[PDB]
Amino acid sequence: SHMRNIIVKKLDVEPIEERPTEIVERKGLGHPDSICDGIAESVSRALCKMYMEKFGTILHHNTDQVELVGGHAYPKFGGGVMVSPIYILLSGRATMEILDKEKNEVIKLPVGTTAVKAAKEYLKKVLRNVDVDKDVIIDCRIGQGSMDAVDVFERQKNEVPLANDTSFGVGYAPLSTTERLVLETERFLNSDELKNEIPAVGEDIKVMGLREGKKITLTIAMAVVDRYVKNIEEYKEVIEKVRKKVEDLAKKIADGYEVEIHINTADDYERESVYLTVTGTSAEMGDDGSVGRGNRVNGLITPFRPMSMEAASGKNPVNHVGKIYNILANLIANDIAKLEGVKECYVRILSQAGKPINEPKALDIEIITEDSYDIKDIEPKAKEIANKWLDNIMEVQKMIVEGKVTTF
């Protein structure tokens, strides 16, 4: 009986698959932009766990500022050289010290050391061929603010925070064939199973998908680790080996479509100018990176779907509307898309400033129905799903801190 501003509307347009063209991009884990997103969010999570240990609540912070400066290297067949380390600057702000006037005590939290440690551990986790001791410099200019113990006491209540702004979030489901193919391609090429078989495949993998009717062209930029290819011959074999595996993958999840696969199209086998790297990432020299310039929270870049321009990674998981709403929108859309009769679902949430974040000014649910289905039969199920997620909005916070949802 709790009445929210939820809107369910029938959408009478062509579903995504029936539209003639589609363009989808994904920047893989080792791409400099995705490295920065990953670090930003890993630092946030680390700081959250820090605050939770000491106070049992999360204090205010935002670490959605991370700059990766390309290093210096000299790739060579058989093994190249890393000349200058990658430089990474951690920025943002985080609550550092707590002033307690009553008991006359001052607590200070390991903001800087936690941040640097978290960033370094994330790099070790994803980049197989980067020695973080010598190949990376992690610097930190995160602001260290103070806070009254009184406000900490209020935070420990863990009530639903009030929306500090009029902001929005957007999501949709399900993923189209192209979207699924782009996503799973990057995931597969960065899976441990494949790396074991083809160690030459670096983590800096970028996948572009172009659908023309029922034909999908995949264009892949794949950084090759030079110590695993002793000449151009072996380099070529890596490309064709990967190609065949991606062909097999496309036949599993995009059967019925015509699939074309292009890899490292900028290569020139004649001049021996190819996508060769020492560390398996263009972060080593070729390409710089920063936060919020790549994937959206659903892990994709989709100019045929609605996209928020806000960078979710590193944002305050407590009271940043944009981050929470973009994740929540994608969680709601995903569940509604499972409902019988729903072919396509779009969710948009708009906050009411001054009101709890789970009491939005408007939540729009647009549904393309399957044939012979009545939107009015779906609507009550859909509104229930939305209200359920809104009721459990604090659990969504936990999911983020526990890394159970993606921010890029």
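Residues carry their position along the shown sequence, with the first being 1.
Averaged over CA atoms, B-factors in the entry run higher in 256 to 264 than in the other of 114 to 122 and 256 to 264.
Checked against the record, the higher mean CA B factor of 347 to 355 and 33 to 41 lies with 347 to 355. Take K315, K230, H72, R180 and read off each C-alpha B-factor from the entry; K230 has the highest. Take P174, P161, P85, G292 and read off each C-alpha B-factor from the entry; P161 has the highest. When the modelled residues of the chain are ordered by C-alpha B-factor, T406 sits in the middle third. In the PDB entry, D377 places in the middle third of its chain by CA B-factor.
When the modelled residues of the chain are ordered by C-alpha B-factor, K323 sits in the middle third.
Per the PDB record, residue ranking by Cα B-factor puts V13 in the highest third of the chain. Residue-level temperature factors show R296 in the lowest third of its chain, judged at the C-alpha atom.
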